[PDB]
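We begin with a single chain expressed as structure tokens, specifically the form deposited in one PDB entry.
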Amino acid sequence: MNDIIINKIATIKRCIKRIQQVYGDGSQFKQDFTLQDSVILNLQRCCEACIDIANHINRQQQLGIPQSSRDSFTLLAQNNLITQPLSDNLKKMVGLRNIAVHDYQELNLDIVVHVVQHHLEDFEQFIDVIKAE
């Protein structure tokens, strides 16, 4: 219990599994748009899933009404559910919904390489904190 969080937690794991597979060792990714388009898309599916889980937890425990997507992570940290360094990294991702719906290609390709290398483990961390229960 409940189904929508266990399905949103499951999707985050599915998208991480996909980003890890499509990106590969990182060689082909830099010069293949099909590899980039998939990783970018599966990256966006994680952000909206965490924002859904955050807005859900704030709702069920009446932690407040999140005015933004970033403010939803703030209420979790202000009630000490997540550490404040973990909220900042998840809020760093909230602004990652803009690499898509914008084909400004090379300007931020090195950035998606950064978040794939260094920031996928912030989603694994967030869902681990939810797992308790």
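Residue numbers here begin at 1 and follow the sequence given. Heads up, when I say rigid core I mean the largest set of C-alphas that superpose within 1.5 Å between the two forms. Shifts are known only where both forms have a C-alpha.
Here the subject shifts to the form deposited in another entry, a form of this protein not shown in this document.
**Q** If you line up the core, which of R97, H56, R45, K91 has a CA that moves 2 Å or more between the shown form and the other one?
**A** The only residue crossing the 2 Å threshold is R97.
**Q** Work out whether the Cα atoms of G24 and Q105 come closer together or move farther apart in the other entry than they are in this form, the change being 3 angstroms or more.
**A** Farther, not closer.
**Q** After superposing on the rigid core, which segments of 3 or more consecutive residues have every C-alpha shifted by 2 Å or more between the shown form and the other one?
**A** Run shifting 2 Å or more: just 96 to 107.
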